[PDB]
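One chain follows as structure tokens, the form deposited in one PDB entry.
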């Protein structure tokens, strides 16, 4: 088989993971999940050293502690319409590429005086170059034709200027990819107005968070949008919109479309291409036919109702 470390996490996490494995069982997916029951920590890294691939729920910070030990510097969110699920921006196809290790996210805060707080935002040449080349490496491997660098360099002239600088440099080594630059607040206005003008977007940490959840809203929300985070060695597959109330639903309510699609994108990375496409097609058909929809997509169906429908339709493609 294929060993993959599974961090179920909290909330619907353990339930969404139960969906991945009921759908993997139904599809005879040659994958053995090695389940790290709770979120000391280094056993996940030693397991990641041999397995190299993980699939996680949700859980500096605890989850951005994990991302440092595994060097998950690059986050990728595929923002793609699902044909059956109608929103205000259908037939849209963007990828968000977010840097995940620098910025505000390292709790470099202090009190310089009573009632005066400083938060440091860190931008280095090292990680800007690494995420800029990643973005162009992404655009060529996957055959996208444009990389837009989002920033606020007209106000933070250093720092955000240094991100833009790197981005513009790497942009020169990739002549067949088009390279534009856009200011963060203008870009957010364009996403609600004409999201179709973008292809790949590369940005730093906080803008990523903003655009991640913004664009996931375009295409149906936190229930359907997959993400993945890379290092140089490791690939870890999660959901795309990672805000705090992403799927704060009770038992048997949540939509497993996000995790399942990202599960199928893991299978591709494992080179199990037949299975990756079988599970992707099932999900997309079940959604398009419209018989079974979770509450977040309109329908009245539970999460079990929905994923066992996936199971039926995918044991059939294995006719």
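Note that the rigid core is defined as the largest set of C-alphas that superpose within 1.5 Å between two forms. Positions refer to the first chain, counted from 1.
Not pictured, yet referred to below: the form deposited in another entry.
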Conformational change between the shown form and the other one, one of 162, 122, 126, 248, C-alpha moving 2 Å or more after core fit: 248
Closer or farther in that other deposited form, the Cα atoms of residue 138 and residue 246, when the shift from this form is 3 Å or more: farther
Relative Cα spacing, residue 92 and residue 247, in that other deposited form - shift of 3 Å or more: farther
